[PDB]
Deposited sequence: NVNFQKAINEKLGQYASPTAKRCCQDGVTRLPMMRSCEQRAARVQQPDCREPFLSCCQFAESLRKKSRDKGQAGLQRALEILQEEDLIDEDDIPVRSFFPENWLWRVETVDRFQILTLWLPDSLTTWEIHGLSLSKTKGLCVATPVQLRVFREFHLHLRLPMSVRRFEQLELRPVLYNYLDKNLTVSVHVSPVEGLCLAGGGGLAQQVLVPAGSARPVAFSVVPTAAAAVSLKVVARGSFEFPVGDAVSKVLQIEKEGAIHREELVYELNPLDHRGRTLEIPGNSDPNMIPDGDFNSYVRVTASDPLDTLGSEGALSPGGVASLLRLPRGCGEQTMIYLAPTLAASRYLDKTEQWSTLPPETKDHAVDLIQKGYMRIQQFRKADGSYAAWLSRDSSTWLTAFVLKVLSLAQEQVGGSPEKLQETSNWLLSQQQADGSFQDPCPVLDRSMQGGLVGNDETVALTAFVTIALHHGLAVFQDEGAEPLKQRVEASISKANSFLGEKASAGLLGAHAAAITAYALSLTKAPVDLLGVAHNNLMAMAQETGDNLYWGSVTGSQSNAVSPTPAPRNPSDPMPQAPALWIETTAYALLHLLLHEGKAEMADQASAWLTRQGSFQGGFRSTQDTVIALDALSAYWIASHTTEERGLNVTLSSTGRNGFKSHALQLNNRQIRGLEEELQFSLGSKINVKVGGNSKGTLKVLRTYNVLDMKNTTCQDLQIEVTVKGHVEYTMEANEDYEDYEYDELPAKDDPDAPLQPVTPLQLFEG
């Protein structure tokens, strides 16, 4: 019949055949060689130009079809040495009867029913199709290219052929091993765990090896209106100006850190900066020769107001690029006012003790010493990195001497709630030695008072001031451990009252406390869980890295023996490694649930017989 070489062979059956990006000078013609597949090719385009822009094109439905075509649909999965049936169907769309001769060529690695190119004849009439079953068993190992040749009769020749590669899966089913494991970087035990190597006896020694590792990571404010209203215009004497300035700076800084300026109009922010600048000038002109900062020039100095001014001005030094050496003189003046044991005298009390806060009482020296130490530490930032070195060294010496005094006084106990709170914060802020830090913190713990859920210490000016100082200490003392969270909540409710923060010292301290707490809670860490895999495989020693800062990750690693794990970071996650290998599995060949058996009785003619 038709010569097998004469008939064209169809072998290129791509699922996608035009994946080029090219430049067109408004007109370009590209020739296409249609793949040997009988389908409809939905050609689509996408033009990108620097002038016009993206412009999708109308798909060009290209239909490729043949009159008398042979269709061969190989099964996706075929095993070796197992009965396989081929059903290439011949389609006859021509307007005449056809006598075809379908035969699979004798390709090595395949086991035809006849064993060779034995022509099989079939009658396919016009406008109809007839399958031609061809039973084979694949004896090869990797793949075999089997072609089908349909030869028409001598009088009416019509040729067609189809070639495909039949990939044979390796012996045995597919087996996947799951090793669920946890990751606790904080844990001091099990950090460098190991994965046992594969030891399943059913594992086929000769086969494809694939391994994979999957790592995951699963993580578990005060009213803007009230604080804004505190941006009062400084005025009055050298003392009354501070009452209107410290809250102005505190609210300005509280909103700054809490990031609440969005709620208020943008004109408010620059209104605040103007008030700070205006308040900065107002208190500057009240400065004495040595930075005393007294209420009146005639009136002698009061270190409390000087210490308070140093604290307030030092904080504002970022907003206003003012003269820092003036403060350096003020800090120097404070040292000259330090008593032998480390306390501070303050010979002249301020006229209006209301703004002093809770200092007034049975004991004032301990609170005053701590208060000055807090301010002095705040003044360390403003000191220029160059120059004034001996003045700085004197500050660390004086503060340490006072710092040592506070611990000695604090350890004695028998001190009021206010004094303990200030000292607790002063000790922590100034980086006191641990021994003195602990005793002061322990004393505060016992004195802590509660009356309900997250209740601690409107409340009177003394209690509100005292709790604020405590909150800073707890935040600085080994972070927040569900005590600052509870204590801060108490302040938020207390500060949300109408006209909250009655006094002035409580306002500046409390606003700093909540701001410090707020920035503490809304703090996000890197949250890394990077791990590395180490093993000594047959090919050698290999390593891997899996950065998981921020999600899950997968990675293919070429390891086939026991492997080592090195967890790191601080985030807890789950690690589970997948190994895939083929196992020796054999089940019934017959059907299990539904069974069909067909038998044939009769006489069938033959042409070539064994």
| item | value |
| --- | --- |
| Deposited-sequence stretches lacking C-alpha coordinates, listed in sequence order | 1-86, 307-314, 552-576, 670-674, 735-767 |
